[PDB]
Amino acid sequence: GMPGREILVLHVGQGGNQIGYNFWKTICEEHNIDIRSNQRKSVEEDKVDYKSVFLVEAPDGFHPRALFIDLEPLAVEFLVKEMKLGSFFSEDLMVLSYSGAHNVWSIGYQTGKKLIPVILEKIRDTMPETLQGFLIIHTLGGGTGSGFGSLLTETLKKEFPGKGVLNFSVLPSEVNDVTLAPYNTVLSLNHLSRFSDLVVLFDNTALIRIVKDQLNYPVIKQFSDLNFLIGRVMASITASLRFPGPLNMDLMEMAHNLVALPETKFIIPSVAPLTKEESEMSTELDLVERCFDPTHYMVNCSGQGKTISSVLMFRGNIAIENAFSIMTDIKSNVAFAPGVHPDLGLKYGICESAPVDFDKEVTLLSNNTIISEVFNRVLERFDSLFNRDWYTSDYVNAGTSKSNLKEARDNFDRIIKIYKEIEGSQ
């Protein structure tokens, strides 16, 4: 393949590695590759494909340019034993311990430091020198994905300051929800605010919300369909980086197009359609309108907020003449933040390659002031436990003082206030 624009994906934690099943299955099938055989799946290949952005073409076949990192071997057993994809999720890409983090951010940050030198060794000895950056896929409610993920986000930014560090971060839900999740989320989001170039946030609560308000089946099994859906959504967000088009971005351009101020780096993603039934009942306009509907947000929002910067992607069999017309009407109805010209608050583009199961797809990445509301509910749950000194013992034991917890919370509130000043409401 052609050198350049190569990305190294880092799955950290149980969720981040388990999400990698349908993340890489969707990526492989959109570039005509069988994840079971590491080979192409059909002789029908399109003339230009940027599969080298996420996949490595060896003489024996295609492999993920990824490292699968965890302080416990449970998630990689799910990939090799349950899914039978050991030829794709192979051992040379695995950095594993067997101690665990026990859902404490501090234990993953400190135990993860003992695996950092070997992770940097694999990056130096195996990654191309034209590597554009890193993609970190992890959860924020536990200890490995949060603590080790925060450490890796910080370590990669310090050792490779010329490359892009992008975080696909999953917020805590009500299932797989520890009472320690408010502490871990605030600690992780404070670190990511300092070292990540862009944090796209996912919430299992939002997918559950869509289940309870739909006859159609979006999940019928726990995480095996929820993490299945998260992997497909965050693979659709990467479509701008691996397919030719007007909005073909690299990691830096994806951050530059959405991060106006250094603190406004938290993006809300929206994808429609989510199911085959929705795809068979919807037109292009309906898919654009749902993406700007908080019901289809991957973060749980009450209403909509005000948009600072947004990037929309048309995927597949979409008439470009109607795409021009739809976005003129959407710019008139969308509430932009006070001071943003509508032409500078929303950019869009068409991608010819569509998801395998859908004729068309629409994806929205939005830097929206409504993330202050999602974060203020995290702050309320943080303070409901911290002001009573509840569930704090194991963070101090592992080296994160209660003063360090306070500094993370107070810097978390400063980000909320910045988004609210931009909104013009606080």
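Numbering starts at 1 and follows the sequence shown.
Novice: Please work out which of 181-189 and 291-299 has the higher mean CA B-factor as recorded in the PDB entry.
Specialist: If you average the C-alpha B-factors of 181-189 and of 291-299, the larger mean comes out for 291-299.
Novice: Quick check on the record: does 244-252 or 138-146 carry the larger mean Cα temperature factor?
Specialist: Per the PDB entry, the higher value belongs to 244-252.
Novice: Sorting 365, 48, 55, 67 by Cα temperature factor from the record, which one lands on top?
Specialist: When the deposited C-alpha B-factors of 365, 48, 55, 67 are compared, 48 is largest.
Novice: Just the C-alpha B-factor column, please: which of 38, 32, 384, 372 has the biggest number?
Specialist: Reading the PDB entry, the winner on C-alpha B-factor is 32.
Novice: Based on the deposited C-alpha B factors for this chain, I'd like to know if residue 223 is in the lowest, middle or highest third.
Specialist: Within its chain, residue 223 is a highest-third residue by C-alpha B-factor, going by the deposited values.
Novice: Going by what the PDB entry lists, where does residue 91 fall on CA B-factor within its chain: lowest, middle or highest third?
Specialist: According to the entry, residue 91 has a C-alpha B-factor in the chain's middle third.
Novice: Using only modelled residues of the chain, where does the Cα B factor of residue 161 rank: lowest third, middle third or highest third?
Specialist: Its C-alpha B-factor, which the entry lists for residue 161, ranks in the highest third among residues of this chain.
Novice: By the recorded C-alpha temperature factor, relative to the other modelled residues in its chain, which third is residue 265 in?
Specialist: For residue 265, the deposited C-alpha B-factor lands in the lowest third.
Novice: Is the Cα B-factor recorded for residue 325 in the lowest, middle or highest third of its chain?
Specialist: According to the entry, residue 325 has a C-alpha B-factor in the chain's highest third.
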